[PDB]
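In what follows, one protein chain appears twice in different forms, each by itself as structure tokens: structure 1 and structure 2.
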Structure 1
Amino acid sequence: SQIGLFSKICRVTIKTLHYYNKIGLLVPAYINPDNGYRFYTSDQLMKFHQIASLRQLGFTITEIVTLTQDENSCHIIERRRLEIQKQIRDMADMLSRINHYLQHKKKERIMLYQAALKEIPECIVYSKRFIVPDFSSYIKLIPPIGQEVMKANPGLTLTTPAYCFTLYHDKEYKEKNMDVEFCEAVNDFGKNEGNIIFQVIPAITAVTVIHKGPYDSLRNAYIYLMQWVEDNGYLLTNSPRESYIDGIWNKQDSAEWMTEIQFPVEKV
């Protein structure tokens, strides 16, 4: 049985037998020193059978080189089992997300927003929690709040990149008298002055949507994320953040403003 007859026995490629013999797994019985031909015996067929049996399970080749000779190694199978469990969970996640994408595209010709999960680190922020009558008044009150803090603390250095955001501590849709908390990430701790405090905001896994446009139409964005959380079975773990990237401070065009809504979320 030359390599061709063996490759037709196992229904495997000649390149596969070559690769195996190179890697050390399934070395043939006889390598003729005259011509280097590879001759296999039925024992190699029995060995290739279990090689293919493990390869049909998802085991990488390096795991098979450890499973075919180290007959005591059983933990490396439970490890692959946990990996496969994670993979089924992530594939179900992806499938739900794809179905939601298709539904949203069947609704409207244009996909306005696109959700993305990202891991946001913990960060040392200075914060001010207070009530606002409307959104515009809140936007107007932010800059003096920032100025007070940068003046009262010499050496206050913002974080690069500038992670400057807000949190909406309401649980229902509150149009006026919103319990809003403005925050800005700094390099390190400062001193509490006025109603402005400092705190450490924890790391989250947040589903985010970048809204490009004027602020008075941010509501749609929030609704979309809400729908995203309702459809794909995630759950809002904390108050929603809203991060400001571009705006009246960065670009004087009102239609080029960019804010990254971030729902802190966890899967259920």
Structure 2
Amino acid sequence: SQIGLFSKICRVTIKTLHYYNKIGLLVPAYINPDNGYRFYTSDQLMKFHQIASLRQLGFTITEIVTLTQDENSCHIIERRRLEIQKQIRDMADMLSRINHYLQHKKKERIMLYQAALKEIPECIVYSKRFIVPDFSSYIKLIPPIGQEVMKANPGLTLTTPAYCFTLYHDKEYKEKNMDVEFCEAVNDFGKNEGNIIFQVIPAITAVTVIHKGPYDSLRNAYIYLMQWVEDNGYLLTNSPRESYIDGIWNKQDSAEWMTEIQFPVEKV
């Protein structure tokens, strides 16, 4: 049978048959010497049925080749059964997250915060832990904490880029007192003194948002992420971080400052 009739027996295109001949998957029975026409037989249909049966399960062309021509090779099959099992979960994750998105967007018709999952490697910081009655006092007391360590240490060179942040060790926030820690990232180790010390901070996988404006609205960010971990089936595994990007040290207008809120989470 010619290529045009065999293409209607199998309900497949002609370019597909040309491609399969080029790859080496389905070779015709007889090829005309001067014209170059292709003629097919019934066993070609017997093989095309097997090809389509394998292709309907998601295998790629190379695995289909290795499955038809070679020995049974069961180890290829189970490797696909994992690749599906993982993939479903990913889809089942995204269908959740988009359902959050609409559920907020159609509520307000404007989006102030957008969350994103990312990875933060491990670092080496100098740090100071203490209790604070009011956040403004914490802002006021940190620059001398920087001055002491920068003067009293040889070769204290910051990182590129700059990573400076605050750790909240409290379980449920309250404005009265706050067990806080100040951390700034450096390159090497050294000598310790006073109430400030060097320590390593391990890597995390965190959901982050970015807040723009003054600090007096920062709580509005947290209420968002406390929702995002509750809807999409995640679990808060560690202390949050508050990293500082743009402030009084680079700018003059407080309505153009910029900070970042980070929640380390796991999938539960």
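Shifts are known only where both forms have a C-alpha. If you superpose the two forms and keep the largest set of C-alpha atoms that fall within 1.5 Å, you have the rigid core. For numbering, take structure 1's sequence and count from 1.
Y113 lies in the same rigid part as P240 when the motion between structure 1 and structure 2 is split into two rigid parts. On the core-superposed pair, the CA position of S217 changes by 0.7 Å between structure 1 and structure 2. If you overlay the core, the Cα of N72 moves by 4.4 Å between structure 1 and structure 2. For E63, the Cα deviation between structure 1 and structure 2 after core superposition amounts to 3.1 Å.
Core-superposed comparison between structure 1 and structure 2 places the only run of three or more consecutive residues whose CA atoms all shift by 2 angstroms or more at 1-83.
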